[PDB]
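Heads up: numbering here begins at 1 and tracks the sequence. Side chains are part of it too, since the values below use all heavy atoms of this structure and drop only hydrogens, waters and symmetry mates.
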Amino acid sequence: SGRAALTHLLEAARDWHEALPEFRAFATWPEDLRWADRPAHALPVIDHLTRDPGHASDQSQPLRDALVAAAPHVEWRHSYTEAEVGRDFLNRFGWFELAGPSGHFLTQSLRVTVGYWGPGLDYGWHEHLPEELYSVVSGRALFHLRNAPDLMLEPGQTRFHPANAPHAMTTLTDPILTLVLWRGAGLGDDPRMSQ
Ligand SMILES: [Br-]
Ligand SMILES: [Br-]
Ligand SMILES: [Br-]
Ligand SMILES: [Br-]
Ligand SMILES: [Br-]
Ligand code: NI
Ligand SMILES: [Zn+2]
């Protein structure tokens, strides 16, 4: 059951939000989330995530395992073209919207997305109007942000991306699985590569 796996995932995401003060500071968890009955859409990333979801902390393991169990049931998205990121990146990365205007659960109060990148990928400079708050669920990666330090983030660490500030991320030997909140002007916009 897709419905059961996604409902269990939503519970794990809510618990994760409640447990992270930076997430509580960024947005209140919505009281109106509704099952959307959005169908699954498979992309090649599923098998990479399932075989190699990344090291979890004891605190992040329930969410990581819920994400792996949800993988065959979510609507995976890519966003970028082969010209922009290359075929290997498209094979070994993807994202989906867990909650939000077009989430597996609908709400207009918040947007929650999830991304996976296998090892050895360089997600180049990209940007968008809405603010975003990353968390790492499992794995680790190096996070770049214009006008700010580089940070190597591990499970449970977070990073705020202010509106329109370009950011980027590199995985080295480990993959990374993330769960991200969005807010502000432009909510519902997708990232674009910086020009
Ligand atoms: Br809550
Ligand atoms: Br909920
Ligand atoms: Br509304
Ligand atoms: Br800073
Ligand atoms: Br707002
Ligand atoms: Ni398709
Ligand atoms: Zn972003």
| query | For the residue pair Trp95 and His78, is the inter-centroid distance of their aromatic rings smaller than 6.0 Å? | reply | no
| field | Ring-ring centroid check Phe143 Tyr134, cutoff 6.0 Å | value | yes
| message | Once rounded to the nearest 0.5 Å, what's the spacing between atom CD of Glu127 and atom CG of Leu145? | response | 11.5 Å
| field | OG1 on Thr170 to CG on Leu121, rounded to 0.5 Å | value | 9.5 Å
| message | Check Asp88 with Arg92, please: is the shortest side-chain N to carboxylate O separation under 4.0 Å? | response | yes
Can you tell me if [X] uses its side chain to pair, donor with acceptor, with the backbone of [Y] under 3.5 Å?
X: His41; Y: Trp76; result: yes
X: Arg140; Y: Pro155; result: no
X: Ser60; Y: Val137; result: yes
X: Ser135; Y: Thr158; result: no
X: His17; Y: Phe23; result: yes
X: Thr171; Y: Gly118; result: yes

How close do [X] and [Y] get, counting heavy atoms only, and between which atoms?
X: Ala70; Y: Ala5; value: CA-CB, 4.4 Å
X: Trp117; Y: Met169; value: CD2-CE, 3.4 Å
X: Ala163; Y: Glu131; value: N-CG, 3.8 Å

| Partners passing salt bridge (charged side-chain N to carboxylate O under 4.0 Å, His left out) against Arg159 (at least two apart in sequence or in another chain) | none
Answer whether the closest heavy-atom distance between the side chains of [X] and [Y] falls below 4.5 Å.
X: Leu67; Y: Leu177; answer: yes
X: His144; Y: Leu151; answer: no
X: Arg146; Y: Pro166; answer: yes
X: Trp182; Y: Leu110; answer: no
X: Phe96; Y: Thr113; answer: no
X: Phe105; Y: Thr7; answer: yes

| task | Please list all pairs passing the salt bridge (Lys or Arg N to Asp or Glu O under 4.0 Å) test where one or both residues lie in residues 25-46, with sequence neighbours left out. | result | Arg3-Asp37, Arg14-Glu31, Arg38-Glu75
| request: Please name all residues satisfying side chain to side chain donor-acceptor pair (under 3.5 Å) with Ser102, sequence neighbours left out, ordered by chain then number. | output: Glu97
| said: Assess the residue pair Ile176 and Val136 against the criterion (side-chain contact (heavy atoms from CB on, under 4.5 Å)); give the C-alpha distance rounded to whole Å, side-chain angles, the decisive distance to 0.1 Å, and a yes or no. | reply: CA-CA 7 Å; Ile176 192 171; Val136 183; 3.8 Å; yes
| said: What verdict does the side-chain contact (heavy atoms from CB on, under 4.5 Å) test give for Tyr116 and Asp52, after you've listed the backbone C-alpha separation in whole Å, the side-chain angles of each residue and the deciding distance to 0.1 Å? | reply: CA-CA 10 Å; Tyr116 175 87; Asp52 184 23; 3.9 Å; yes
| query | Does CD in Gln61 sit with more than 12 non-hydrogen atoms of other residues, nucleotides or ligands closer than 6.0 Å? | reply | yes
| query | Would you say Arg24 has more than 12 foreign heavy atoms packed within less than 6.0 Å of its CZ? | reply | yes
| Parallel, tilted or perpendicular for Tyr123 and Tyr80, by the 30°/60° rule? | perpendicular
| message | Angle between ring planes, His128 versus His167, binned at 30° and 60°: parallel, tilted or perpendicular? | response | perpendicular
| query | Does the pair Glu18 and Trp29 meet the rule for a side-chain contact (heavy atoms from CB on, under 4.5 Å), with working shown? | reply | CA-CA 8 Å; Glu18 177 161 35; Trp29 189 259; over 6 Å; no
| request: Evaluate the criterion side-chain contact (heavy atoms from CB on, under 4.5 Å) for residue pair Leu133 and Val180; output intermediate values, then yes/no. | output: CA-CA 6 Å; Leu133 180 59; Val180 176; 5.9 Å; no
| remark: Checking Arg183, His161, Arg111 against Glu132 for side chain to side chain donor-acceptor pair (under 3.5 Å), the one that qualifies is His161
